[PDB]
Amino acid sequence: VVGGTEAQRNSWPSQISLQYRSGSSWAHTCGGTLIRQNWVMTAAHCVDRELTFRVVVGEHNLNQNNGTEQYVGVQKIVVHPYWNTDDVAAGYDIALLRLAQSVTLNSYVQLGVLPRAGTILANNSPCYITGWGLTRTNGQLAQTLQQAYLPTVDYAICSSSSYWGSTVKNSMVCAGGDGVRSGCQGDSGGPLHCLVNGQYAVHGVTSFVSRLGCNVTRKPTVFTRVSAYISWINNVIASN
């Protein structure tokens, strides 16, 4: 997250860290949202490589023991069947991870509330991106979880020629684009939390930023629109 602030450690209890095995240790690669005690929602592009993955829930600082973490292996990976690694702009950048063990819920570990199917936010709706992604374009991951206020940019504006044009689809949510705050590499997969009727709900799964950089004016961070995939998510959890 570029231009973020450090989140309080119990603000976003559904945020998870998706990590891969690297030698004798583990490395953060993406975020995710805990949606059941044994299921995580993340981006399909985060699980494209043939790596060994684990999920960390109750995480705040990646480089320090917080005394709240729970570590669980990924038992099954279900990518949307229409995802294509050669075309992130086509959409379908979503995947569900079945955890080997069910995690225990507490003030640091909670299920993410998902919007009702079909819900579209009005332009400029209040949202926060959260993650441990780079803190600057071509920078380094954050140690502590970060958050940034990214108001939505509706489809009409976001798919206009000066923004993302035809690259953005109506199955996506755009947010931000101010040139200062944005998602960045390593935030992908994680949540876009938006305040609706008093309650924050996870409306987006971080998917991409401009190839020019993370915080680029008129290139808002782009997310998979969760509310387009409610039936798909329910169908996967029910058949697995």
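We number the residues from 1 along the sequence you see.
Exercise for review: On mean C-alpha B-factor from the PDB entry, just flag whether 33-41 or 208-216 is the higher one.
Suggested key: Comparing 33-41 with 208-216, the higher average CA B-factor belongs to 208-216.
Practice item. State which stretch shows the higher mean Cα B factor in the entry: 16-24 or 221-229. Key: That would be 16-24.
**Study point:** Options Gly131, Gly91, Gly139, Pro81 - largest CA temperature factor per the record
**Key:** Each of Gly131, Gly91, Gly139, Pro81 was compared by C-alpha B-factor; the highest is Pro81.
Check your understanding: Whose CA atom has the top B-factor in the entry, of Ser188, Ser171, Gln70, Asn63?
Key -> Of the options given, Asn63 has the highest CA B-factor in the PDB entry.
Check your understanding: Hey, what third does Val196 fall into on Cα B-factor, ranked over its chain?
Key -> According to the entry, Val196 has a C-alpha B-factor in the chain's highest third.
Exercise for review: Comparing against every modelled residue in the chain, figure out the third that the C-alpha B-factor of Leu51 lands in (lowest, middle or highest).
Suggested key: Ranked within chain, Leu51 CA B lands in the highest tercile.
Check your understanding: Can you tell me which third, lowest, middle or highest, the CA B-factor of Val1 falls into for its chain?
Key -> It belongs to the lowest third of the chain when residues are ordered by C-alpha B-factor.
**Study point:** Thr152 - which third its CA temperature factor falls in, relative to the rest of the chain
**Key:** CA B-factor rank for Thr152: lowest third.
Exercise for review: State the tercile, meaning the lowest, middle or highest third, of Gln146 with respect to the CA B-factors recorded for its chain.
Suggested key: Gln146: CA B-factor falls in the lowest third of its chain.
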